[PDB]
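# Observations on the three-dimensional arrangement
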Protein chains: 2
Amino acid sequence: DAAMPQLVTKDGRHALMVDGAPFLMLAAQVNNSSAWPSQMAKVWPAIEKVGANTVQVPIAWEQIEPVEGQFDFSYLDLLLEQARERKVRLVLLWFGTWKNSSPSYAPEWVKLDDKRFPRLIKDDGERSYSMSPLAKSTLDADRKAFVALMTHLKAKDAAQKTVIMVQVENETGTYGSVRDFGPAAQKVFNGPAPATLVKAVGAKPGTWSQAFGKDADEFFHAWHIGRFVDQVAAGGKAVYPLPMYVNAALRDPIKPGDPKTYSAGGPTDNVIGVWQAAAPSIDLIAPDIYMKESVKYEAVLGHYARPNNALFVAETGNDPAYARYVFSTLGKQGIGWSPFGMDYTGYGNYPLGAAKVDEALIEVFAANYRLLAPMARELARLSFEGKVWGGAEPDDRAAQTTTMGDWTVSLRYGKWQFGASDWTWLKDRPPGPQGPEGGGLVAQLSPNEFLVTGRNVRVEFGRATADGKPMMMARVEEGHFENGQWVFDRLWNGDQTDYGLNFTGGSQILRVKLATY
Amino acid sequence: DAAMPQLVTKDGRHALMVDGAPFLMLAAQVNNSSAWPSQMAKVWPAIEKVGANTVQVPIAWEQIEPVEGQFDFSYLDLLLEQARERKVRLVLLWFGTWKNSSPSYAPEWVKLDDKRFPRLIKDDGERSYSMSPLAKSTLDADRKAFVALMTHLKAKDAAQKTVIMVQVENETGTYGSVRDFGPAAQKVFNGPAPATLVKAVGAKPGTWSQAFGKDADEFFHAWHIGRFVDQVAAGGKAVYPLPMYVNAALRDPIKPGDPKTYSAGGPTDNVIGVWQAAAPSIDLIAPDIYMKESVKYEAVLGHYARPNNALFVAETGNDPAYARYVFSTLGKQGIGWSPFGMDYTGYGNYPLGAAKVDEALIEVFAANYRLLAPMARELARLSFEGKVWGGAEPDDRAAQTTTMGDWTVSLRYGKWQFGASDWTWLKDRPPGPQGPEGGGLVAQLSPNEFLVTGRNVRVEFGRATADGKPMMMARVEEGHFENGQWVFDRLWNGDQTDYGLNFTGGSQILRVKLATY
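Residues numbered from 1 in each chain as written, not as in the entry; some residues may be left out. Chains lettered and ligands numbered in written order. Part of a larger assembly, values for the part shown. Heavy atoms only, no water. Residues with missing side-chain atoms left out of burial classes, pairs and counts.

X-ray crystallography is the method the PDB entry lists for this structure, together with a resolution of 1.8000 Å.

### Here's the deal with the domain arrangement of chain A
Residue and element names in this part refer to chain A. Put simply, the test is: In this entry, domain limits derive from an automatic or database-based domain assignment. Accessible surface is computed with a 1.4 Å probe, and the buried area is the amount of it that two parts give up when combined, taken over both parts together. Each salt bridge in this description consists of a side-chain nitrogen of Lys or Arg and a carboxyl oxygen of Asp or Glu lying within 4 Å of one another. Secondary structure elements are taken from DSSP: a helix is a run of H or I of four residues or more, a strand is a run of E of two residues or more, and numbering for both begins at the N terminus.
Examined at the domain level, chain A breaks down into domain 1 (1-373) and domain 2 (374-517). The gap between the C-alpha centroids of domain 1 and domain 2 is 34 Å. Summed over both sides, the interface of domain 1 with domain 2 buries roughly 2500 Å², with 59% coming from carbon and sulfur. Ionic pairing is found between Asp19 and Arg377, a salt bridge with its closest N-O pair at 3.8 Å. Mapped by element, the contributors of at least two residues to the side of domain 1 that touches domain 2 are strand 1 (6-10), strand 2 (13-18), strand 3 (21-23), helix 12 (325-331) and helix 13 (359-372). It is helix 13 that provides the largest number of residues to the side of domain 1 that touches domain 2, a total of seven residues.

### Some remarks on the interface of chain B and chain A
The following threshold applies: Residue contacts are counted whenever heavy atoms from the two residues lie within 4.5 Å of one another. What qualifies as a polar contact is a pair of N or O atoms within 3.5 Å, subject to a donor-acceptor requirement within protein and to the restriction that residues adjacent in sequence count only when both atoms come from side chains.
Contact residues are listed per partner, giving 30 residues for chain B and 25 residues for chain A. For the pair chain B and chain A, the two sides together bury roughly 2300 Å², of which 50% comes from carbon and sulfur. Linking chain B with chain A are two salt bridges, by the criterion used here. Where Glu108(B) meets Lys513(A), a salt bridge forms, and the shortest distance between an N and an O atom there is 2.8 Å. At the surface where chain B touches chain A, the tally comes to 14 residue pairs in polar contact. For the side of chain B that touches chain A, the secondary-structure elements that each account for two or more residues are helix 4 (108-111) and strand 8 (127-131) of chain B. Counting residues per element, the side of chain B that touches chain A draws most heavily on strand 8 of chain B, which supplies three residues.

### Describing the pairing of strand 4 (residues 25-29) of chain A
A regular strand places its side chains so that they alternate between the two faces of the sheet. Residue and element names in this part refer to chain A. Which entries qualify depends on this criterion: Only protein chains enter the accessibility calculation, which uses a 1.4 Å probe; a residue is then buried when its area is under 20% of its type maximum, exposed when over 50%, and partly exposed in between. DSSP-based pairing: two strands are paired if at least 2 bridges between them are found. For a crossover, the right-handed case is the one in which the path from the first strand over the helix to the second runs clockwise, viewed with the strands pointing away from the viewer.
Judged by how many residues are buried, strand 4 sits mostly within the fold: five of five residues are covered. Side chains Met25, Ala27 and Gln29 project from strand 4 onto one buried face, and the interleaved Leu26 and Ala28 project onto a second face that is buried too. Sheet topology note: the strand 4/strand 5 (residues 54-60) ladder contains three bridges and is parallel. The residue of strand 5 that forms the bridge with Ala27 is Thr54. Of the crossover connections in this fold, the one passing from strand 4 over helix 1 (residues 40-50) to the parallel strand 5 is right-handed.

### Describing unusual backbone geometry
Residues and elements named next belong to chain A. Going from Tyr350 to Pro351, the amide bond is cis rather than trans, its omega being 10°. Despite not being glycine, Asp11 shows a phi value in the positive range, around 50°. Mapped onto the secondary structure, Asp11 falls in the loop between strand 1 and strand 2. With a phi angle near 55°, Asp19 is a residue other than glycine that sits in the positive phi range. Here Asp19 shows up in the loop between strand 2 and strand 3.

### Some thoughts on the packing of helix 1 (residues 40-50) of chain B against helix 13 (residues 359-372) of chain B
Residue and element names in this part refer to chain B. Spelled out, the test is: For helices, the axis comes from a line fit to the C-alpha atoms of the stretch in contact; other axes are also lines fit to C-alpha atoms, and the angle between any two N-to-C directions lies between 0 and 180 degrees. For classification purposes, angles smaller than 35 degrees are called roughly parallel, those larger than 145 roughly antiparallel, those between 65 and 115 roughly perpendicular, and all remaining angles oblique. Residues are sorted three ways: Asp, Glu, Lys and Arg are charged, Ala, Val, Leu, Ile, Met, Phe, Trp, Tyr, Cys and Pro are nonpolar, and all the rest, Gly among them, are polar.
Look at helix 1 against helix 13: their axes get within 7 Å of each other, and the N-to-C directions meet at 40°. The orientation of helix 1 relative to helix 13 falls into the category oblique. Across the interface between the two elements, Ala46, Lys49 and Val50 of helix 1 pack against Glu359, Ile362, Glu363, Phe365, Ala366 and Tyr369 of helix 13. Class assignment of the residues belonging to the contact of helix 1 with helix 13 gives a composition of six nonpolar, no polar and three charged.

### Observations regarding the sheet that holds strand 9 (residues 163-170) of chain B
All names here are of chain B. Pairing is parallel in the closed barrel, where eight strands are placed in the order 4-5-6-9-10-11-12-13. Direction aside, neighbouring strands of the sheet carry axes that sit 30° apart on average. The sheet contacts of helix 13 involve strand 4 (25-29) and strand 13 (336-339), and relative to strand 13 the element is tilted by about 155°.

Encoded structure:
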């Protein structure tokens, strides 16, 4: 059988091992109501067009268990077939007790039986629309269904491992109530805070209120949602131990509001530690980023990328401005990135994303994946080894720079293919049609050798070491990957290297040797 | 074997003899990083589209001698094959010790070994990026490689002579240092000025400083670069004596700055005489013109076109405004003209030329070459015989006139195909879409007979001789060349000749007989 995919960590760097090597998920997600046989003719053309190596698809509880204990995995079987025909991998999204905070994807025998499967009670005594994570009934039922899913998946996919990760629930939490205030919940809240949690967050032992103070309510909900999801995940892992993750409806990364106004209890940036402590069976916590401003997008990446949390952008906007952020995510040691809404079913999630999803829109995102897909295994490995840096065009077009050993590396935006970066008389290119669009990635392969790519960007090298030695790009080789192997195309020289390395709208990859003389 | 091409001079007029007759190089140059097998599928379609009879292609030292004494001419062999299939001729550009002042096209065993192959030392004691032309090592190495190239070319092309000229180095000189100030160089500078040079420039004998005064530094660098290139050229000529030339990075033709701010030592207009004296084995000095303003472009042509210097515009911009200057160059007895950057590899040299090179851009230049190519042998001969005059539309659209024997010839711009040139009530055509675009050429075949062509221009004849005799265009015959032979199409008369001869955007050639009555 294919080796089991594994999320791994080495010296604070991450990889998803697929077939025994690091794998970059250049993913896309279908719309929420697309996971049906009738819609697949409107999904696959988009997915093929965008050039994704991985597709995220909902597996709804209501689809798999429409009548209690009568499981139907016929759609999954079809999806596995179609995915394999297209040579893409899958990430299954388990839509059970929570999808965007709500039980709407639970079957009717769950979500219309509140007495048996109870919603949480708010601080004003009225029931929320959102399920109590303290209910053993709901936990047992979601877990049974997830375990059935993992058992069937094991039967149908252990040989090939088409499915490489599974998302457990979708944007957990509750809007409009920071936790469950019903009597069962309050009984627990009045009791001792869990030793595990108290130690994880550096609190003093006591009741929830004593230990956590002003954070008690939000931590109580995060912990309980986490414990619920952990137990769902652990049951599935006991059968088929694929990497598993949770995704986050975000709070603002710079000026977060009160938790009553966001998806409280879900893995927002302030409760990543609580979720880590609550859910050891969940491998990573993934942000869903629908903030178009670069300042915010970069800030989100900063909160979620940690030595103990792999960076995977599980969802992002499909407005064309978002396209370039693949470069920012991979440049911060990301293992994957995924625009949401990539099908031709007619739905568009504007104001989040694009109003209309047609071939022209998908082409915007396709251009980056066509470039990156052939190099994905190489990038994944080099990233894991800690050799990768990159960036996307800021909203203000400011240059980005870093030091990689002896050398400086810079990304500059709005430059032509000719003319020194310091020619103040030469006006920059005008703004992208549909917003900023540039970005770049550089891997330091060894002290003086680099792999360089990008689109709509100038990459420039200088010398960091203040030893006064002059330098040059001694060799710039363009080539491409075939079967994962490098094939020479040409050397760049003269005009092509006098003004940095200028990447336009197509697909070029360079191996650059630097030298002093 | 085909007759050896020869640059010849007769009574201050020039020709490149190819297959024993004058040849006009309607050339185009590929981008600097296009001379590789992988790029030829993006080069040939552009070259075929533009209708060039000659193509300029780099032959890089780094490509031909990647390891010292291990020569590889496989690309040249391929290029010769492909050129012959397309029935174009080649001009090879030797990129060795200098390409735009820099050794970047020398192999690593040259350019990364400064101790063995030394860069010049500036007047502040720090090394330039540019090579010292006083180094015997560098000279011997460049010459050995060039001689190997000429030996291989002789073996593979003596029979057909596909290759008709060779450029020796590319835009020699140094920015930021007017000469070599290192101790070896200063030892020479302190010594006697060369008798040959002193006589060539009309100076008094002495040391470099006494002879040349304020010009001593720049002349020292020009002479030494010239002597270097001369020796490279002479070694090659000793094997295979093709016409050879050098090209110039220009200083301003009207308000030149200090040589520290331009490519000093290269063949700028003030050191053409120094280069002529230094390099008898170089047949002509060719300007590279990236100045779009007609006043400047005309001025450059004036500096370089001399009785002892054939006019060849080795490089010019590929912004559409440049297209018309073929007419100016051929009208000043030019033997060739060449837009730079004519391929579909994605590179564009804006602000010099076009930002994007696509079929639409190339069509602008194609329209002139489609007209001129069938008549190139006839024009070349008539030009050599001193019978050709012409011009391109000035930036201010002013008319151009000359006297050819008994007759006046005028070129007028912005006129319609109907209506007298002196109808002040009739407004001119509006400006070209992408700038000025008109031009014309007239050859006086005998006293009263002319060959006339042009695009977007009105040609009008009058009588120069002030004898009061009335005149007419007695016969205007349109025809075209097939196999170099004239074939009648029709007579122009009536509306077609009442308002001069109006050439629009296509290809027409006329034989015009003038008469008094």
